[PDB]
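Asks: Protein chains in written order, with the UniProt record's numbering: chain A, 11 to 246, 250 to 373; chain B, 11 to 246, 250 to 373; chain C, 11 to 246, 250 to 373.
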Amino acid sequence: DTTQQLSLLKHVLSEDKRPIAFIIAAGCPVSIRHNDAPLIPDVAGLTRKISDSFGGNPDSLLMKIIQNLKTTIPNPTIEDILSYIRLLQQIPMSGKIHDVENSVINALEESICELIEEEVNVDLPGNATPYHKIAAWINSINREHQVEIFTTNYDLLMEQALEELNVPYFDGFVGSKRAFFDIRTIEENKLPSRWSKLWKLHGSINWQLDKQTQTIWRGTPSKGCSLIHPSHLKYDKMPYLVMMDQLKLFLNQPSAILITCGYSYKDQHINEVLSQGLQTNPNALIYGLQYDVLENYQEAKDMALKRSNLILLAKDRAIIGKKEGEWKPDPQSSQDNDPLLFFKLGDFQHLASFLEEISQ
Amino acid sequence: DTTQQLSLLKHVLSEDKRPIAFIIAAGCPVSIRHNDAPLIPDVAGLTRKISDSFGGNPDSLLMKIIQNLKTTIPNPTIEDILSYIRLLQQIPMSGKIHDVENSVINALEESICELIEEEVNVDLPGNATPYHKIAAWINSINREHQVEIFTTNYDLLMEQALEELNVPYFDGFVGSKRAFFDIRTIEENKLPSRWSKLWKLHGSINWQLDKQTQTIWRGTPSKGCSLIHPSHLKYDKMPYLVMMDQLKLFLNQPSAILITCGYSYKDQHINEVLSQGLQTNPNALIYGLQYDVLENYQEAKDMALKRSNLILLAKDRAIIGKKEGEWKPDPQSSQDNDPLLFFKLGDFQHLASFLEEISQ
Amino acid sequence: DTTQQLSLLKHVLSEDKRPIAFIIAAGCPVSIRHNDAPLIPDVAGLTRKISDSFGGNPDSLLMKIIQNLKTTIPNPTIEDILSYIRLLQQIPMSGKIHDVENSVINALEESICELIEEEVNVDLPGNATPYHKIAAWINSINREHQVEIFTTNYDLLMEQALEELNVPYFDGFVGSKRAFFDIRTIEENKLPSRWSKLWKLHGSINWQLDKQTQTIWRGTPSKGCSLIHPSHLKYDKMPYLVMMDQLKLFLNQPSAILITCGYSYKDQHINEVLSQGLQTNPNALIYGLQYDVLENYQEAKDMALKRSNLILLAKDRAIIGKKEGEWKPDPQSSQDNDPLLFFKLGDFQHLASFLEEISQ
């Protein structure tokens, strides 16, 4: 099964007559090895470090909120914690819910934001990162269709990799000192064909908001960024709707190609937008790749079974057109002991190596 | 004479069938009044403050260099001082020329650069600045020909004014984290017609250079910028040649229009490039405006007399096609005492008011 | 002033070469007289009846919420009350804010919704209502441009009036048993030219939501409707964004005409959308009519002064192109005593009579 999938992926990627896009999750930064430790500990690591930062004392309001979410949500998420904190802040919640912190909830959320900014403020070491290989593949061959990249992370690894290898791109912000969010050019869609596009679905650490004019602008990491929200803010001083509209418009392009890397399909809004776009345009294709086993993603199974034009692949099994298949009998492991048939090519490092081989 | 000149300027500016460009010098920032003091004291003010920073002690090497330049150059310039310092640094000049500072010349030039960065790092107060009026005039009417702006200053006032009023522009740098200097798109000249262009002839304070790859990039003001040179650097890690080539190419466009504001025509390279472009394309026009009297600019007189398609205007007299004329008898001053016929409309504030009136 | 305004309104309404639209507020239902009492007591009447339903006892949580809003909002609104209740419900707010009702807030909001449904569930008596006259005017002359109607109310008076007089229309829902919200046909915009359109900005009482599929559908009034929200719900299982997008797209049509009836311009979102649409397309016109005096609407004055293509009219004065004018000296009142110059033609009954006269 590996040979056929590799051949078809090579054939579809070699052709320049179809648009290409990617989805970037925490799996891509976590795949980088540094001092035998992950570069970014992902959402789970950030939640564990956030919990350990304030200690195990139950008197802290953070632990009370965590256990309150545990009562409702079996596995709380830092995104959910931030959403709940902002929801509490949106109203004068001075009651028993915030009895421990009558007004220190703002201080707690500011501290959380500062910790996030400090922990995610790193840089790519050297030129051996998979991002450099991706950029080299992108700029190796000129394509008539622009290549866009979608990411839900906060780190600027992709931007640094693209700018190091001389890859022009447009992120929606135009300017030098305080780049503002221009709207007209986004829907004009008349950029030069050699330019690429990078859309920040969940925002970035360098985005800031000014309350004097209530306007957003892209700058440099300062003491507290106002656009750290995981898609939870006010109405449209909010570019999330524009990004979702652009994603939907891309999904409507004929013969669209999209690849998900490191995404666990655990976001309801992204999943529903992808499903609606796939249903609206049957020609759209999704070559989803999961580093973990298929059994851990029931939502991925449901999405694959719901639409016949979603070729989902995993480490063990795959779903190609509403039918589930397993690994064919092949000598995947040379050792006789534990002959596990695992698709190790789904890793970010293996994907980067495959893309580099395709480019050369 | 005022009425005819105003009418012809209004007619030529109202038409959208010809390209428009501007030249920005220290006159534009010096025209802004703040606390009854100039916002930027211009080159002369910077030289005086630089001299006063180290005091009047002759033992300092800076005063020795100043007097050495005085022996040759009757009026030393901070640009000339920087050029001389860089020329000394380019060779192991450990002799009597640098006897006072055997190796402290680097420290002296770093201190000068830091002082320049600190003194020119300001922001536009309010929205009443002439730059806001210029941006409003630019974005008021959509034009089939893009409007470019040329500046030799280091401050980012124009960028802030353009971004505040939602004016997209292209400055040659593309990127988000560390925008690199893309070359191909500059000569492609296939940008959208609604976009504007801002070219930095003398560089900017936010430009930086990395010696690991010897590459330039536009970022944010850090402790010491490597592109503070007034057009005095190495060979082409130098975008000055590209900017001059773009200016020359603009001068070759049919029916080109260009306006100089605050320029004293004291740069040999800019003057020779303008003269060559005007000679190559007779259709090019230069509506030079000087805030000072005509008698103080002999180079302007020579340039105006050398070419018949350069309509030079001053505070007292003007040269329209190699002939010099004076102010016609008109009641310019209501008071009988001192009936000086001065063209007060040449000031930056008056120019901004005129442009605002034209826009409305 | 009355004659010129009437003549220009007749001329613009007689022409069939421009699109026509209307905005319907509580003023239209309140203008119907029944038993010498208003048919619908509008937002203020609904708030008074809601307050009187639970009595003056301070122990009730509803009065506590009302006084809490009074501390912040000088004049609480039932829409604001519903928004605050839903905001409290969105999080486990079991604290002092909901100390009186630890879990009875759901019962309180269900009771409020049931009371709203019961009070707004009426029918048009006879055929003498102004809605019948509006429908007769609409269907009297075939027009090349479809006539759309926008309403923020919950009653179905317009639907009944249109269906009684055999006026086909499209409201976004397609189906017979459980009409679903079709999306594609909304943006297709290829409906027959004789069809009309009625968009529900604030929803309707017959809309329902199923949580099994989390899907909305238009049906019949049942025991509790899930789409009673005054534009306050979850993300896009929400058609409000589609309605706003359609309104904005209509505002972009050349030579667009729009009339506001009974609207007090007290909604920030509607006002900002209208302002943005008017600024984007200068050809758009807004013939706003207010039954009350101009002095009670400061937001209307600000909107009229902000844009030069908004002809606002009131009972006493008017603003035609950023300038405010008063009533010209005319014998508006025959009686000498109290010669008040009031534009009585701005009433809904008078407007219906004028439209009927224009039709015949």
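Yeah, the Cβ is synthetic: ideal placement off N, Cα and C, and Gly gets one too.
#1: Using a Cβ cut-off of 8 Å, pull out every chain A residue sitting near B/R228, in sequence order please.
#2: So, helix, strand or coil for C/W147, using DSSP?
#3: Could you tell me which whole alpha helix (DSSP H) segments of length 4 or greater appear in the stretch 64-133 of chain B?
#4: Taking 7 Å as the CB-CB cut-off, is C/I299 touching chain F?
#5: Quick one: what's got a C-beta closer than 8 Å to A/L71's C-beta in the same chain, skipping five residues either side?
#6: Given a cut-off of 7 Å, decide if B/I34 and B/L56 are closer than it, judged by their beta-carbon atoms.
#7: Hey, how far is the Cα of A/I193 from the Cα of A/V184?
#8: What's the gap between the Cα of B/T195 and the Cα of A/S268?
#9: Taking its Cβ as the centre, do 16 or more other Cβ atoms sit within 10 Å of A/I50, making it buried, or is it exposed?
#10: What span of residues does the alpha helix (DSSP H) with B/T13 cover, start to end?
#11: Please identify, using Cβ separations under 7 Å, the residues of the stretch 144-175 of chain B that lie next to chain A, in order along the chain.
#12: Tell me, please, which residues DSSP counts as bridged to B/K250.
#13: Suppose contacts are defined by Cβ-Cβ distances below 7 Å. Is B/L208 in contact with B/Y179 by that definition?
#14: When you compare the stretch 37-46 of chain B with the stretch 85-102 of chain B, are there three or more beta-carbon pairs, one atom per stretch, that lie closer than 8 Å?
#15: Which bits of chain B does A/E198 rub up against, with CB to CB less than 9 Å?
#16: Span of the beta strand (DSSP E) holding A/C274?
#17: Within the same chain, show all residues whose beta-carbon is closer than 8 Å to that of B/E369, passing over the 5 residues directly before and after it, in chain order.
#18: When the distance is taken between beta carbons, is A/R28 closer than 7 Å to A/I270?
#19: By the 10 Å Cβ neighbour count, where 16 or more other Cβ atoms means buried, how is B/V306 classified, buried or exposed?
#20: Short check: CB of A/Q348 to CB of A/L354, under 7 Å?
#21: Any beta carbon of chain A sitting closer than 7 Å to that of C/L97?
#22: Check B/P48 in the structure and name its three-state DSSP category.
#23: Using Cβ-Cβ distances below 7 Å, what residues of the stretch 260-281 of chain A are close to chain C?
#24: Sort C/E25, C/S17, C/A36 by Cα distance to C/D360 and report the nearest one.
#25: Per DSSP, which residues does B/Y179 bridge with? Please list them.
#26: Suppose contacts are defined by Cβ-Cβ distances below 7 Å. Is C/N216 in contact with C/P240 by that definition?
#27: In chain order, which beta strand (DSSP E) runs of at least 3 residues are fully inside the stretch 296-368 of chain A?
#28: List the residues of chain A that C/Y253 touches, going by C-beta distances under 9 Å, in chain order.
#29: What residues of chain A sit near B/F190, judged by a beta carbon separation below 7 Å?
#30: Candidates B/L175, B/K279, B/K74: which alpha carbon is nearest B/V53's?
#31: Among B/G275, B/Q311, B/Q156, B/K250, which residue has its Cα nearest to the Cα of B/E337?
#32: Thinking C-beta only, is C/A313 closer than 7 Å to C/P140?
#33: How far does the alpha helix (DSSP H) with A/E197 in it reach, from first residue to last?
#34: Less than 7 Å separating the beta-carbons of C/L211 and C/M251?
#35: With 16 other CB atoms within 10 Å as the buried threshold, where does A/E128 fall?
#36: Can you round the beta-carbon distance between A/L326 and A/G301 to whole angstroms, since I take them to be within the 8 Å contact cut?
Replies: So, to answer that:
#1: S186
#2: helix
#3: Within the stretch 64-133 of chain B, the complete alpha helix (DSSP H) segments at least 4 residues long are 71-82, 88-99, 115-129, listed from N- to C-terminus.
#4: Included in the structure are the protein chains A, B and C, with no chain F among them.
#5: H108, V110, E111, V114, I115, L118
#6: no
#7: When rounded, the distance between both Cα atoms is 10 Å.
#8: 28 Å
#9: buried
#10: 12-24
#11: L166, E169, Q170, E173
#12: BP columns for B/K250 are empty, so no partner.
#13: Yes.
#14: Contact fails: fewer than three Cβ-Cβ distances are below 8 Å.
#15: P202, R204
#16: Per DSSP, A/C274 is one residue of the beta strand (DSSP E) stretching across 270-274.
#17: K143, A146, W147
#18: yes
#19: exposed
#20: no
#21: yes
#22: strand
#23: none
#24: C/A36
#25: B/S206
#26: no
#27: 324-326, 331-333
#28: Near C/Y253 there are no residues of chain A at all, since even the closest Cβ is about 11 Å away, more than 9 Å.
#29: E173, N176
#30: The shortest CA-to-CA distance from B/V53 to any of B/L175, B/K279, B/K74 is the one to B/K279.
#31: B/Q311
#32: Taking C-beta atoms as the reference points, C/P140 and C/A313 fail to come closer than 7 Å.
#33: 194-198
#34: no
#35: exposed
#36: Rounded, the Cβ-Cβ distance is 6 Å, consistent with contact.
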